[PDB]
Structure formats: C-alpha cells, structure tokens
C-alpha cells in the first residue's frame, strides 16, 4: 500500500508529477484508457500503479491487483476445471485491473492466450494499469508468439497513456544509503 504522497519525484525525475496528478483525477476510467509504466527494475513503476489503484479504491471504484504470471496461471487452472468463464469475470468485473510485472517471466506459450482474453474483454470497457520492464517490440518473446503479442498490444495501446521511466533502482538506492 503506497500512495502518491510518499513518492519522491526528485529521486525519480523521469516522471512528471503533473502527468501523475492528471491520472489521479481518474479521468482515464471513463475514457477507457489503459496506463502503462515501462522501464528497468526498482524505478517506481509498481509504486505508481498502486498509488493510482489506491485513489480509485478511495473514490469507490473496485480495484484488483495481480502479477501477469499469476493471472495466466490462475486462469489456466480455472480452464482445466471447466470454470474458465467464472475466473475471467474476476479479472473483468473490476473497474481497475492492475497487471503487474509483465515481461520478467516468459509466459507459457500455451497459457499466454489467457492474457489476451482479459485484455480483449476489458478493451473499451474498463482500464488496465500495467507495469513492465520490456519494450513493446519484445512482447513476442514474452508470450511466445509475435502475432498474438501484436493482437494484444493493438487493443491495449489503442486507448492508452504510456510512461517510459528511467533511472537507478530505488532499491539499490536505499541499499547504498545504508552502506554509506
């Protein structure tokens, strides 16, 4: 549970606080816009995603957080038990779905399509907030199918607000400060 008020914009100058404050108005929800935070590990992607989610919850919007690998794996099981459609509603019903950590783990090519279904069903219905360390061109490798990746991104990116973050890891930052 992280909020915008604990985010140090001096330590992370690659993100414009103004743009983030625009997100916190939650305008993106009615505009059906997805929010994407991209960049290397530890730079505040998940922090910012959770901050927006926390604002949504406070403003009365149902919000759900899950990593990409967990989402794919859970939907796989639900499908094996002939209850795919029921698990799908869990990820489609929330007004704001945060799909965290897209791209560290290559997804089972046999299960990558579960992610497409969530994206396709939420498409032009309810926002997805996504964090990833990979460029869009690398998504083919993640899902094990360049064609499926293009289809996913076509929907995801159509109505979207993209943040490309940079900088040194805040994790290693805090580690230095202790040592020093």
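Positions refer to the first chain, counted from 1.
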**Fill in**
Ranked by mean Cα B-factor in the entry, 107-115 and 39-47, top stretch is 107-115
**Prompt:** Out of 152-160 and 167-175, which one has CA B-factors that are higher on average in the deposited record?
**Reply:** 167-175
**Complete:** residue 144: CA temperature factor from the record, placed by chain third, in the highest
**Fill in**
Assert third(CA B-factor, residue 97) within chain per record equals lowest
**Chain-relative CA temperature factor third for residue 124** = middle
**Message:** Lowest, middle or highest third: which one holds residue 133 when the chain's residues are ordered by CA B-factor from the entry?
**Reply:** middle
